[PDB]
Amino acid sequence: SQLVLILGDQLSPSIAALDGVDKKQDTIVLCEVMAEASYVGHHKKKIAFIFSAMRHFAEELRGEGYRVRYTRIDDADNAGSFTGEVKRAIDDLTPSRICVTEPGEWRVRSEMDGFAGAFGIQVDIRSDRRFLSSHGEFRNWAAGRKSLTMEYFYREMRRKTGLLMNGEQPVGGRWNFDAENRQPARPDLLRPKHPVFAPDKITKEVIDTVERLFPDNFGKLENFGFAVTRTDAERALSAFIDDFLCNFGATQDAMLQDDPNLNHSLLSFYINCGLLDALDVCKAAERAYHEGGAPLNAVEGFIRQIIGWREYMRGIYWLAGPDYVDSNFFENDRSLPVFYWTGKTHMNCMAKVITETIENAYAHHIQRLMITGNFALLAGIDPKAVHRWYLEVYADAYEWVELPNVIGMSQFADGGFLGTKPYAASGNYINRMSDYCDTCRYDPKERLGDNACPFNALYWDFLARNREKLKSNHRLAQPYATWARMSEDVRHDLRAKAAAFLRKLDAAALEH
């Protein structure tokens, strides 16, 4: 008789561990434990969401005839940790085998690997069939090509899945439609609202418990709208197909002060805990393309994010090992500035995106990359500090998908290891791709003076102090040509003004 453990990001009735259990003999185990709610200061909505999806997933299995042992975060004898809770079940149920799908973070794998030695019982750790690449396939694909790019990997995934494939060639005779393409942003009022799901009896009781036990944690619980059931996630899926998919590629890089969502799917939360399955999400997009419902560039652009980037980040996470988090190519040591936790700044773009994060635990891609992520980079923040923030604040964050986005893509803390170019940009970009500057106190056209946006001076300071590590980068080559053309006292004034702002952040970091 078997003890099946299921982790909080594995809430799927065909997870690897349920393959061939005996509903009479065996016992599924789920547990809310303090070790996983507290290894980082998660956003309140993140904890509430995960807890509520677990309690709902527990009810799901029970209705399907499974023996389910559930341990609540506040239960009397809660042991506090996976190891502890599995121990309590072993004296309780005395199984002859523990079954578990492989976890999604290094830390958790560490604990899972200590099970067998610590309990003297067979532990069967199963590989996670939700992912198209095993660790073994990806390692071997990476070996025999000393340069890693998503594009060459994504090519393989299209072949392997047959998604958007005419047997042997890609639909429309291009793997990529990057893009068909761009163009400025519009506050389209004739745009449907993204779905919201009002909290039920379970979710309300978890909302109350989270506010009682994690009172000093990041984020507001008000306006909880996440789907916590499988049915509601599949409704979030079909609403995106029906209402937003056909404009996905059009508005992809745009930011609107008044539109936190535009045309994105808002599914990462569900895909990443098993409520939605990645390959089914992709097939629905493709099914919609063949029924005329969206253009080729929106669908391929959308599938590219899932079977391309998300699958590739996972691969990069395990390939790089646990100390990838120590990557600090630029040798930064500055603390994460204070307003990342308060939203209280006069940089209108930083204030909007951080306020959105506070209140919804969501911000879409270009926001994570070019607002908060770009500022961190230019300001020279310790990448470990940035990594903690991104893992804590967003309700779709687990280390495997967060860490390579932060270290590799955003902060370039690994010197371009995962193939991307560096995303440093001045306030010229933000003015082009948003309306944030319109109501901002600074001017995105000024570099010096009391009301220049600090992204401008910080942009050039960042190129100037790291010139040695970046001069050979055929992407910054034009900026450096622009730098050298500036008179000497101008380059001096820009770097002094960069320092004045840098000083103002360090002064604040000291008061705490």
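Counting begins at 1, following the sequence as shown.
- Annotation for 458-466 versus 477-485: the higher mean temperature factor (C-alpha) is found in 477-485.
- The PDB entry reports B-factors from which the mean C-alpha value can be compared for 193-201 and 329-337; the larger average falls on 193-201.
- Out of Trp175, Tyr152, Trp389, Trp318, it is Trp175 whose C-alpha atom has the highest B-factor in the PDB entry.
- Note on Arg186, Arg139, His365, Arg304: the highest value goes to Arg186, judged by CA B factor as recorded.
- The entry lists a Cα temperature factor for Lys421 that places it in the highest third of the chain's modelled residues.
- Ranked by C-alpha B-factor against the other modelled residues of its chain, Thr101 falls in the lowest third.
- Per-chain ranking of the deposited C-alpha B factor places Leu448 in the highest third.
- Among the modelled residues of the chain, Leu510 sits in the highest third by CA temperature factor in this PDB entry.
- When the modelled residues of the chain are ordered by C-alpha B-factor, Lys471 sits in the highest third.
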